[PDB]
Each structure stands twice: as structure tokens, then as C-alpha cells.
Q: 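Structure provided below as C-alpha cells; questions to follow.
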Amino acid sequence: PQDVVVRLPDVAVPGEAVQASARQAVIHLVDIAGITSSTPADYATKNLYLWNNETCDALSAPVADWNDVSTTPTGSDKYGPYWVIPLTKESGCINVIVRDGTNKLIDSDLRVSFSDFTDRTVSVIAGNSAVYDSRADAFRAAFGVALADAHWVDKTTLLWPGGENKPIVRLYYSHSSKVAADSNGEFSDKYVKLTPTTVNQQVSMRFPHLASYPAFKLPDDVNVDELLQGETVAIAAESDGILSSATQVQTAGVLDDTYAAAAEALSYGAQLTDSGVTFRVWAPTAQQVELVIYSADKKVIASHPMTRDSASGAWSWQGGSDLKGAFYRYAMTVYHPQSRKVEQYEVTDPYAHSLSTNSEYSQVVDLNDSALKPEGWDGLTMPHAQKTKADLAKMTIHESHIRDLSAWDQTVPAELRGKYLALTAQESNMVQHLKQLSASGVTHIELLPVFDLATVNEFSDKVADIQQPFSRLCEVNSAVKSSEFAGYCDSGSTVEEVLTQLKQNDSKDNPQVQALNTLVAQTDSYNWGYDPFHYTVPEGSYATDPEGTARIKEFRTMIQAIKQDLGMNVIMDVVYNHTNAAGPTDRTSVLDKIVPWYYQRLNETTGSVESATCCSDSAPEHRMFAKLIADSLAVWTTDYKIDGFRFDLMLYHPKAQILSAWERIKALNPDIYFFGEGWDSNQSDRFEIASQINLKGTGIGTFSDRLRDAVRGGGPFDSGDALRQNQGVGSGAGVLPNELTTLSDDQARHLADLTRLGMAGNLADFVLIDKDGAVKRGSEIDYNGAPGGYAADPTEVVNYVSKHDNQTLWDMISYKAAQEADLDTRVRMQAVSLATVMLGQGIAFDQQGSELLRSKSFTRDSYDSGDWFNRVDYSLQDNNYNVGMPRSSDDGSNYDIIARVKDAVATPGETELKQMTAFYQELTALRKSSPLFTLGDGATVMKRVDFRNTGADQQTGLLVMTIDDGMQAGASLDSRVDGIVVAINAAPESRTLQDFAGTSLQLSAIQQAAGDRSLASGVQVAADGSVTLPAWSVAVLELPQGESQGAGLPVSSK
Ligand SMILES: OC[C@H]1O[C@@H]2O[C@H]3[C@H](O)[C@@H](O)[C@@H](O[C@H]4[C@H](O)[C@@H](O)[C@@H](O[C@H]5[C@H](O)[C@@H](O)[C@@H](O[C@H]6[C@H](O)[C@@H](O)[C@@H](O[C@H]7[C@H](O)[C@@H](O)[C@@H](O[C@H]1[C@H](O)[C@H]2O)O[C@@H]7CO)O[C@@H]6CO)O[C@@H]5CO)O[C@@H]4CO)O[C@@H]3CO
Ligand SMILES: OC[C@H]1O[C@@H]2O[C@H]3[C@H](O)[C@@H](O)[C@@H](O[C@H]4[C@H](O)[C@@H](O)[C@@H](O[C@H]5[C@H](O)[C@@H](O)[C@@H](O[C@H]6[C@H](O)[C@@H](O)[C@@H](O[C@H]7[C@H](O)[C@@H](O)[C@@H](O[C@H]1[C@H](O)[C@H]2O)O[C@@H]7CO)O[C@@H]6CO)O[C@@H]5CO)O[C@@H]4CO)O[C@@H]3CO
Ligand SMILES: [Ca+2]
Ligand SMILES: [Ca+2]
Ligand SMILES: [Ca+2]
Ligand SMILES: [Ca+2]
Ligand SMILES: [Ca+2]
């Protein structure tokens, strides 16, 4: 009405002042402030500081004297000065700092690369590190839309820095095109006016990382629905109406404030009801949603405009029951801020529960149909209780992958290899071995991603695996024909045969096994699968038939076989912390095509999707993604009967969201167990992260890296010689040093503190004697600066010495073992390492194949290293060690230490594999042989668990843990013993325990039964009660119980 028009400056868009000639570059400085003319500006003090280094050396006559300010403009016009800079060449780059006198106008060393700017004529603006190809580009950067640092966070609140102390602050909006200056240089699109305000108490709680932003108020009567359906741009301008800045707007907060309450009350996806099928998708900013129905062979057979619910922003449509089994997509008409286009594209359902091949179409499914269930499904029971804390503590996890299990097993029928259904091949080597492990006390199979991953092509015609002819690899992988292995295209042999042949002359100098495998990896069936395409459909490539609903019944047939034939519970790895892709174009961008910029976490200034997870970071702090996560877990829980969930990068989730999700799932099944990897995501400024520290008391488990690093040695980022120098307790730190290490006795005793603390459940308040003889709480033992112990209960701690990521335990032992440790001794180092986990109070977790000395040929990160490096040989011929140098892209800087250590001893064969398996099953049998091993409750651990051989004069490497079942502990939780002693002698010397002299201690019956094959072979208990431990041994001893609960092994009050 009376409002002043916002406009561009009343000056033209500038052309170039000069263009560089030969052996010249030209830099324009675009004088934004003086473009708002007034005074004819003076550029005499403007100058360039120019110098040559090794990166950029194309300057003819640089002057290194920083106090020389004589490189003043060559000329100037109304848009600013410019510099003609002589060069020695027209390739490369030059270094420049843009100054007024000795003050930098741009606080950033500038690179001007002649490759990026071919005409070598660039423009820059004060207070801006960007180099522009032209003055027009730079001009439109200053007077044009840029970045996205405005945040519309609820109905009436915009947070934006660009607005602070400006006469005009307005929220412009255009339904159908990009807000831009019109032909009169004016911004004539509709706008809402914003007045300064103060951030409110609940916005600052919601977005703490934004609470220091200049706040602004919208009229209470603004119709948010209309603004949110197109582009919105926050604009600020001076008194005269000249644009000061303009930026795109992030709207996830106001979307939640507007719609989330209503939208959370609805159910989503294609849902079978009484009357028929209800489709519902959440798309609060979409202009149109059309439900497209497809025939089996993917012809459109109907297209239905959906009904928008204005309270929720959800779109719904109702049709007949005959739509069960039909394929469908949502045809979206929606503005995407990244492209600033009203996009039109068909997207699969984020609540899809069935998919076509390679996830191209979603499919209507009723998971309850008996046709999709194996016989007996509805009565499938959990073979291991998870109700009490003592129940949870018994959990003993075997972390497995669908291809790692069966890809190599000739006794698995060929068509089931690398498939869910391989777990049904009851006579196979793999299933029999798993059945043996279960009988001995492995309780849980944990499955690497078996939700719908993106990074395997489910069209089998497009895939070549190493068991197929090399000619098939050349057919599907067009890079092989121009590679140095092209000659094998005609060879008539398989890829597996070629890789084997390449072993012979493979070395750090000729890494040819790895070279061929990198090409194999692009088109094979192999990936860990941490690449979410759809969260609540099984992966299709693990199915015999990926087209439609078949995968659902095969997945359940697998789940049933694991629980019912193998006797184990099932944990799923889940990856809700990121999506595989974002933006409006990428094939696997689903969530971000339907509600752009809502499901991804964005940079607060640029609005780019963050990638701290690896990929496209998600936003579980946002309410409708929290609901998606929880609804997703409900399907896996109820419809697939999953006993627990391991959250990948759980630290990227809010603690409140994880706990919310968990309460939601416990209402379905109270015994469901949640845990994850809870490091530091660097998100604590946005919310309270779900980290090891913050989850104390909550009952949410976390992987503990404390005992892990103490027993393995070093840490996951070690490289080069450090891989060998950093020995662990399991590999003889301080007692059997290798030729490189400098580990001191103090350092070795510190690792033993971390190990003891972990064997008592890594509790914050457990009290032990440390390396110096000092009394310490678990939280007082240092771990790389953090409090070491952090939990309230041992069930909150998952101990392990090996996992899918980072090197296998055997490869660590190979890096670190002294040259004098022979093969048999390294096998005992492996079992000694695993004993710290298996006999500890924390939940026990292990990588598939540790019982077979599993190797990945030193591969640190094998996620895409194929069948070759991830092989597990259930025919027990070898442990996959020394099968070629690992991938150079990630382990090249370790080739030197690998070649130095690799051949110290023979590669394990069947004799060593069987011995390790017996050791492993001995350990797992011991773990479940008494309730004392798995007390579950932190206060109960504190009252019953203690250690001998502590303090500054301990025998290094001897771990002696006592577990009290005598009167002062309380109740006798174990009818056969008054106490247990665990002795792990990780040392080359035989040792004698006198702590139990005169006490009637005796060796556990399990170990006596193993005899010569026991980890305790040769242990001697003398008449006086002194115990002699062999080198590299594990012994479990017990005080036999009498007619009543005895004195046992009382914990000392320290
Ligand atoms: O070999 C010298 C140097 O070469 C390269 O530096 C570039 C640099 O990247 C450009 O930015 C520019 O440097 C300018 C600065 O931009 C400008 O601000 C000013 O620097 C002042 C500093 O702000 C101020 O701290 C102080 O510098 C000290 C400094 O604190 C000391 O630590 C010491 O610096 C040494 C560096 O630590 C060392 O790495 C190396 O520097 C390299 C650099 O690696 C490379 O990127 O050597 C220096 C010592 O020679 O000494 C100085 C003592 O003054 O004071 C200066 C103002 O005097 O000025 C510099 C240029 O003089 O250009 C340089 C290339 O010249
Ligand atoms: O985060 C980027 C990272 O991505 C991948 O790493 C994985 C890794 O495979 C997993 O083990 C896990 O890492 C966890 C650890 O399990 C956990 O212990 C903790 O790590 C701490 C270390 O124990 C401790 O030594 C220290 O690490 C330092 C380290 O000495 C530095 O070198 C530096 O690390 C950098 C790496 O060198 C670099 O390769 C990359 O890491 C990638 C990695 O390549 C990939 O496989 O970037 C990091 C930058 O941080 O700094 C760190 C810390 O400053 O401290 C750490 C941190 O507490 O936590 C980590 C995860 O944070 O998960 C990661 C991520 O998926
Ligand atoms: Ca140019
Ligand atoms: Ca898939
Ligand atoms: Ca692959
Ligand atoms: Ca951040
Ligand atoms: Ca007892």
C-alpha cells in the first residue's frame, strides 16, 4: 500500500572492464559499496599482494614484500578498479590477496586457476572469497538470491542474520517461478512483512543452534499453506528500498509447527483396510500429488489426483481391494529449493513395504497375508529371553552378512548362495557350523543391512560375480576391456580363477589382485549395504526373485530358520542416520523428492545437505522423520519378528528420539533391545545426542570402544608402523614386545585397567585399583581423554574385539605379534583376546568368523571389497589370510608394514581353524555356564565383581577377576558355586596365583572336559590351593558350594 518498493540498485548490470591478453590475467574488484554511487570513489590505496609458491607459480614479477603497496589498479570505471597482471604462462594459477593499503579486503588467500577461468579475467568482491568469471556474476551475487540462511522455524518466527538492523525485512513468495527482480529491476512478487522480535523460549529449545539468530515476526494472520507451496525468499533492503541481501528459506521448523501434530495422527503408505486400499503420503509443500497405478509389466493403468488434508499436509486416496499387489508411484508436482524449480517426477513410497526389481516401483502389500508367511510363522517364538537385565546380559552376538555366510559354501545349493534362504540349507557346512556355535552359546545373529539397500543392482543381467566366467564380467563392466586384464575376456576361466592366478606374483609393488577386484566391485553382488533406498522393505538381491512380494516370504523363512532351526535371536542393523542420496534428480533420492529439505539435515547457512555420516545426513530431530523411523521399526518388530535393533551412527540421533522410538516399540514387544554406536557426531549444539555418555541409565546399549582398543592395540585410525607398534593386551603389550614398539610398562598396565573395567561392564562407578595402585572409579580411568567407564548397567555396554568395520582381530594380531610368536601362539592370542569379551559382564559381540581366525588380507574397510576379501571358508581350509594386498585406495599407506609382517608364520589351515573353533565354543559355553557371568545389573556387579593382581607391581598381562556368590554379596545366584575366578594369562610366562591358597578352588568342569584342547590345558591346582597358569591361557575356576551359601569371594571396600 504505502510500502516502499524493494529494488536492485538503479545501475546496469556491469560488463567487463578489460579482457586479459596473452601472458596476462585480469582481476576486477567490483565496488559494491561505491556502486551505490554518491562520491566518485578513489581506488589509489587499493592494491594486490602477489606471490609465487609451489601450488601457483604463474606470476611474472611478484613482489614478496608485504609492506609494498605499489601494485595499484591498472584502471577503473564506475564499477571498481582492475589489475592487469603479467604472467609467465597461461596455465596453472596465481596467488593474490586483495588489499586496501596493508589491510585485506578479502581475508583469504585467493587462488585464481586458469583451468577454471579460461579467459583469466575474474572478479571478486570485498568480504567474499569466491572468484567469479565475470563482473556480472559477482554483481548478481551481491544483489541477488544467494545461500539459504533464513530459517522459518514456526508460524510467526523467521530467524535470519541478513535482516538484523535493516529498514525493510520481508518474506517474499512466488507460487510458480523463482523470485527475481522484474524488468523494472523491482521485486514485485507478493510478500509478508517482518518486524524485529525476540526469539521465544520454545523456539530456542527446539533449535538451540539458531537461538543467536536475529529474530523476526510474521503477522498472526499469514496463510502459511499458501507460502509453503512455492519458493519463499527472505529479502532485506535499505531505507530507499535498495536490496541489501536475499536468501532462500529453510522451512522444516514451520512445517512441523504447522502440520506435525495432525500428520502424526495418520498412517502412511498403501494400506489394506476393510473397504479396500487407502494410500497416504506426507507432502505438505506439494502443489499436486497424483497416485499412478501400474500393471505388472509397468503400464500406467490408472492415475488418481489425491486428496489434500489441510490440517496435516498429507495426501490420501481410496480405491478397491483389487489394488493389492499393484505397483504404484506418487507423481509429484513440488518446488525443490535446491533446484528452485517446481519439479515433476514420480517417486516410490517412503512407506513402501514391497518393491519391484531394483526398487523402481512400490507395490501394494498386506504383510499379514498367510501367503507371505512360512508355515507356523504366527507362532514363532524367541529362543532366548530378553526380559530381565540378566536375560539381556547373556546376549552373545554373531555379526553376519548374507553373502559372507554362503557365497563360498559349495554345500549350499548354488541357487541359495548369497541368499536369505541359504540359512534353510540344513546340511550345509555353514548352517551346521552355525548350529554348533548356537549349541555352545552363541545366542544372537546380527544381520548387516537386509533392508532395501541402493548399491547392488538387483537386475541379475547387470551383475557379474567372481564365480561366473570372466567373459560375463567383461560383458557387464565396460571398464574391464580397457584395463590391463582385458586379455582375460577370452580366457574361458572364471573371475575367481583369475584372481587366484593373480595371487602368485602379487606384492606391494605389483598389487594386481586388488587391481582386478576394484573393477569386480563395481558390478558384483557385494556390499555391506549401509546405503538406504527404502527403510521398510527387505533387500531384493538376497531374494531368489526380486520382482514383487517374493522377498517377503523368503526373508521370513530365513528369520524362522534362524530362530527355530538354529536356536538364535535376530538383530537387524538399521541405518536411519542418512539416506543414500538427496536432491531432485538422483535415482535413490526418495524422501527429499517428496518433502524437499525436510528429511535431510542441512547446513544452517548454505542449506546444503550435510555429509558427516558419509552420505546424505538425515534429520531424526524432525517430527515426521521420527515418526517414519518409529513406524518402520514397528513393521520389522511386528511383521518380521526382529528381536532387536543396532542403530548405525546412533550418535547422529537425538537421545529423546531414540528413547521415544524405544517406548513406541516396547508397547509392541516389551523385550525388544536397542543399541548402537554412540560416538561424537558433532551434533550436540542442535540437540542432546544419543551418545555413550548421555545414554547412561536409559537401558539403550552402546558399543564400547574401551576394552576393544585395549585388547586389540592402538585405534582404528592407526596407519603404517603404528599398526605394529601399538600392541594390545591380546597381542602381548609390555610382555612380548615386537621389534618396533615403545610401549612402556605403565602404558601396558593402563590397557589392563581398560580391559578389567570392560570385563566388569565398563560402569562409570565400578571401583578398581589402577595401574599405579590408586583407587579409581570407572569414569576416572582415562580413555583418550574421555571418562573410560560410562554406563550404569553392563547391559548398556557391548564389548567386542572384532566387527565388520576396521581390521579383523586376526589381521591385528598379525600386524602386532612379535616375530617369535609362532602360529599356535597367535591362535591362543586370538582366543585370549576373545576371552576378555566372552567372560566379561558386558553384552558380548563378535564378528562372524572370529572362531575361524577370519582374515581380510589386511583390508581395513571391506564394505565394497567383494567376495574375495570378505570370504569365510566353512570348509575350514584357510582363514582367507594372504590372498593379495588389500585395496590401495584405503590401505596403500600400509603396504610397507604389511609386506614386513605378512609372512612371519604359516597361514592357518584346517588344524588351526578347528582348534580356534573349539577354543571359541569353550569360551561361549563358559559364559552361559553360570548366572555369575551375566549379572545384568550395575549395582549387582559392583557388589560381586573384583580383581586380583592389580597395582604398580602386578604381573603384566595377567587378568584375574573374581565374582562373589557368597553371603556378603547377597543371595546365592548360583547353586553350585560360592564364587568364580577368571584368569586370563596374556603372557609368555607361566604364572602362579597365591590369592586363593587354602580355599578348595577347582577348575571348571567344561575346561577339564576339553582336556588337551582346553584354553586351560596344563593348568595346575595344587593341594594348598595355589594355581599355576600356562602361558597364553584362560582358566575359569570355582569354589564348590556346600550345604549353604558360603563366604565365597567378598569384594573389598576400597
Ligand atoms: O615463507 C613464508 C610463508 O609463505 C607462505 O605464506 C604466505 C601466506 O599464505 C599469505 O597469506 C601471505 O602471508 C601474509 C599474510 O597474509 C599477512 O597477514 C601478513 O602476515 C602477518 C601475520 O598475520 C602475523 O602473524 C605475522 O606473521 C608472523 C607469524 O606469526 C610467525 O609464525 C612467522 O610466520 C612463519 C610461518 O609460521 C611459517 O609457516 C612460514 O610462513 C610461510 C607460509 O607457510 C606460507 O603459507 O614462515 C613464516 C616466517 O617467515 O613469522 C611471521 C613474522 O612476521 O606477521 C605478518 C606480517 O609481517 O604478511 C604475510 C606475508 O609477509 O603471503 C605469504 C607469502 O609471503
Ligand atoms: O569419521 C570419519 C571417519 O569415517 C570412518 O571411520 C569410522 C571408523 O571406521 C569406526 O571405527 C568409527 O570410528 C569411531 C571409533 O570406533 C571410536 O573409537 C571413536 O574414535 C576415536 C579414536 O579411537 C581416537 O583414536 C581419536 O581418533 C582421532 C584420530 O587419531 C585422528 O587421526 C583423526 O581421525 C580422522 C581419521 O584419521 C580419518 O581417516 C577420518 O576418519 C574417517 C575414516 O577414514 C572412516 O573409516 O577422519 C577422522 C577425523 O576425526 O581424528 C580423530 C578424532 O579427532 O578420536 C576418535 C574420536 O572420538 O569415534 C569414531 C567415530 O567418530 O566410526 C567412524 C565414522 O563412521
Ligand atoms: Ca572471465
Ligand atoms: Ca536394493
Ligand atoms: Ca560391490
Ligand atoms: Ca553442525
Ligand atoms: Ca552360590
Side-chain angles (χ1 to χ4, degrees), residues 384-386 388-398 437-444 701 704 707 711 755-763 766 791 793-801 831-846 919-948 959-966 969-984 1001-1010 1014-1016 1034-1041 1048-1049 1051:
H384 296 272
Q386 306 180 176
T388 65
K389 290 188 187 170
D391 285 353
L392 290 181
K394 304 191 162 41
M395 183 177 304
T396 305
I397 303 170
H398 201 77
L437 293 184
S438 170
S440 308
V442 175
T443 70
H444 283 59
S704 173
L707 178 145
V711 170
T755 304
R756 285 180 199 98
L757 184 54
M759 297 178 71
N762 200 44
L763 304 173
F766 190 86
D793 293 279
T795 52
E796 288 162 9
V797 165
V798 174
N799 283 320
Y800 63 114
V801 289
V832 152
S833 301
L834 289 162
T836 66
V837 174
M838 291 306 179
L839 306 179
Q841 292 287 324
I843 284 170
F845 174 105
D846 192 25
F919 285 161
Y920 196 93
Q921 302 187 116
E922 182 182 7
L923 291 174
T924 54
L926 287 168
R927 173 182 188 79
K928 73 164 170 176
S929 72
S930 163
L932 294 170
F933 288 109
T934 43
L935 300 162
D937 174 77
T940 308
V941 159
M942 296 184 58
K943 297 215 285 165
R944 302 169 96 101
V945 171
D946 217 346
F947 296 95
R948 308 294 171 100
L959 306 173
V960 182
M961 186 177 62
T962 63
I963 313 164
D964 187 17
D965 208 38
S972 152
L973 305 176
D974 187 327
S975 89
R976 316 154 316 293
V977 307
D978 288 306
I980 280 178
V981 168
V982 169
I984 302 173
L1001 196 62
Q1002 71 190 18
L1003 194 62
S1004 93
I1006 291 157
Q1007 295 198 292
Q1008 310 200 34
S1014 181
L1015 279 169
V1034 183
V1036 173
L1037 304 115
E1038 60 199 16
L1039 295 173
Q1041 191 151 345
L1049 299 166
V1051 161

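Heavy atoms only: backbone and side chains are in, while hydrogens, waters and symmetry mates are out. For reference, positions follow the sequence shown, starting with 1.
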Q: What heavy-atom pair brings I980 and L1049 nearest, and what distance separates the two atoms?
A: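 It is O-CD1, 3.6 Å.
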Q: Give me the atom names and distance for the closest heavy-atom approach of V945 to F766.
A: O-CZ, 3.2 Å
Q: Can you list the residues that meet the side-chain contact (heavy atoms from CB on, under 4.5 Å) rule with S440, with sequence neighbours excluded?
A: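 Only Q436, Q921, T924 meet the side-chain contact (heavy atoms from CB on, under 4.5 Å) criterion with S440.
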Q: Is a side-chain donor or acceptor of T795 paired with a backbone partner of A393 at a separation under 3.5 angstrom?
A: no
Q: Decide whether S1014 and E922 meet the rule of one side-chain donor and one side-chain acceptor closer than 3.5 Å.
A: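 On atom types as modelled, these side chains qualify, holding a pair under 3.5 Å.
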Q: Output, in order, the C-alpha distance, side-chain angles, deciding distance and verdict of side chain to side chain contact (heavy atoms under 4.5 Å, CB included) for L1039 and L1001.
A: CA-CA 5 Å; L1039 295 173; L1001 196 62; 4.1 Å; yes
Q: Quick one: do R976 and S930 satisfy side chain to side chain contact (heavy atoms under 4.5 Å, CB included)? Show the steps, please.
A: CA-CA 9 Å; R976 316 154 316 293; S930 163; 3.6 Å; yes
Q: Backbone N or O of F933 within a donor-acceptor pair of the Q841 side chain at under 3.5 Å?
A: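 Yes, because the side chain of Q841 sits within donor-acceptor range (under 3.5 Å) of the backbone of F933.
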Q: So if I apply the side chain to side chain contact (heavy atoms under 4.5 Å, CB included) rule between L839 and each of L959, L923, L834, which one comes out positive?
A: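 When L959, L923, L834 are each tested with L839, the side chain to side chain contact (heavy atoms under 4.5 Å, CB included) holds only for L923.
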Q: Less than 4.0 angstrom from a charged side-chain N to a carboxylate O is my criterion; do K389 and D793 meet it?
A: yes
Q: Just checking, any donor-acceptor pair under 3.5 angstrom between side chains of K394 and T934?
A: yes
Q: When you measure from the side chain of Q1008 to the backbone of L1003, do you find a donor-acceptor pair of N or O atoms at a distance under 3.5 Å?
A: yes
Q: What closest approach, in Å, do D978 and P1040 show between heavy atoms, and which atom pair accounts for it?
A: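 In terms of heavy atoms, the two residues are closest at OD2-O, 3.5 Å.
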Q: Answer yes if the side chains of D946 and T962 hold a donor-acceptor pair under 3.5 Å, and no otherwise.
A: no
Q: Between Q1002 (side chain) and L1037 (backbone), is there a donor-acceptor pair under 3.5 Å?
A: no
Q: If only atom types and distance count, is the side chain of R927 paired as donor or acceptor with the main-chain N or O of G840 below 3.5 Å?
A: yes
Q: Relative to each other, are the rings of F845 and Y800 parallel, tilted or perpendicular (30° and 60° limits)?
A: perpendicular
Q: So which heavy atom on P794 is nearest to which on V941, and how close?
A: CG-CG2, 4.0 Å
Q: Check the pair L1015 / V832 against side chain to side chain contact (heavy atoms under 4.5 Å, CB included), numbers first and verdict last.
A: CA-CA 8 Å; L1015 279 169; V832 152; 5.6 Å; no
Q: What residues, two or more places apart in sequence or in another chain, satisfy salt bridge (charged side-chain N to carboxylate O under 4.0 Å, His left out) together with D965?
A: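 If we apply the salt bridge (charged side-chain N to carboxylate O under 4.0 Å, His left out) test to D965, skipping adjacent residues, the hits are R944.
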